[PDB]
């Protein structure tokens, strides 16, 4: 916070003016946080936890990082009287589906799960996984939230207003299209942001050599602010410019493109083979001005 060089909170004024309702609403509410052991997900979870939630379940595929989340929560805040549980699960698995079928009762579902790295686009196999995790897992969990009568689904929008340049952004833009179809049935709000300092994946232990930033805690409050107070299709961002002081709001598909997407990806999976180029060609149909190029190819 001072490590990135700043005096104060970005949202000093905004959470202040709403703290009591934030407190109020969290007290009487039930929360499912997907990807909750990730860098943004740990901060969102910690923001829900310190406000005394009635129910807070955290799901994340990383068994190790979840353990740390918990350790961190115990030291920071101690213990809470609501029902706080954690589950080291893959959101796309039968185990997660069983989890939901056995309970599934939440008011707010927040999804900070993702594959986000450029490594992950280099090969058709991880690229397919990125699609599963960023697009289809998001679509399925929104459906599950709808079927449970959740009030609100939060997720993290693309990082940029404009056109994706890589496969990760493209996957986020495609995810958004599936969101738009779902927003006919449940309120959906997103957060658009950039550069949470010290995020996972962003040397001294191993004696090896070694812009604007926001803190992890600031990223958790925004997601929370959008979750609780965001209207359907709202995208909250860090600064409708009149509702809040440091928070902005972007007020925000083709059925046949979505169908074509599910069909093509579906067939590739059935065939049990596909090339990166197949997927890239499909993306270009999905996103018209997709400014992906073959200049990466010439980079070693």
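Positions refer to the first chain, counted from 1.
Undergrad: Neighbours in the displayed sequence, residue 269 and residue 270 may still hide a gap; how many deposited residues lack coordinates there, none, 1 to 3, 4 to 9, or 10 or more?
TA: According to the record, the chain runs unbroken from residue 269 to residue 270.
Undergrad: Relative to the deposited sequence, how many residues with no modelled coordinates occur between residue 202 and residue 203 (none, 1 to 3, 4 to 9, 10 or more)?
TA: In the deposited sequence, 4 to 9 residues between these two have no coordinates.
Undergrad: Comparing 219-227 with 144-152, which stretch shows the greater average C-alpha B-factor in the deposited entry?
TA: Stretch with the higher mean C-alpha B-factor: 219-227.
Undergrad: Select between 240-248 and 38-46 the stretch whose C-alpha atoms have the higher average B-factor in the entry.
TA: Higher mean C-alpha B-factor in the PDB entry: 240-248.
Undergrad: Hey, out of 128, 188, 102, 194, whose CA B-factor is highest in the deposited coordinates?
TA: Comparing C-alpha B-factors across 128, 188, 102, 194, the maximum falls on 194.
Undergrad: Taking the values exactly as deposited, rank residue 164 by C-alpha B-factor within its chain and report the matching third: lowest, middle or highest.
TA: Middle third of the chain for residue 164's C-alpha B-factor.
Undergrad: For the chain shown, is the CA B-factor of residue 119 in the lowest, middle or highest third of its modelled residues?
TA: Residue 119: CA B-factor falls in the middle third of its chain.
Undergrad: For the chain shown, is the CA B-factor of residue 207 in the lowest, middle or highest third of its modelled residues?
TA: According to the entry, residue 207 has a C-alpha B-factor in the chain's highest third.
Undergrad: Lowest, middle or highest third of the chain for the C-alpha temperature factor of residue 214?
TA: Answer is highest: the recorded C-alpha B-factor places it there.
Undergrad: According to the PDB entry, is the CA B factor of residue 232 in the bottom, middle or top third of its chain, that is, lowest, middle or highest?
TA: It falls in the top third of the chain.
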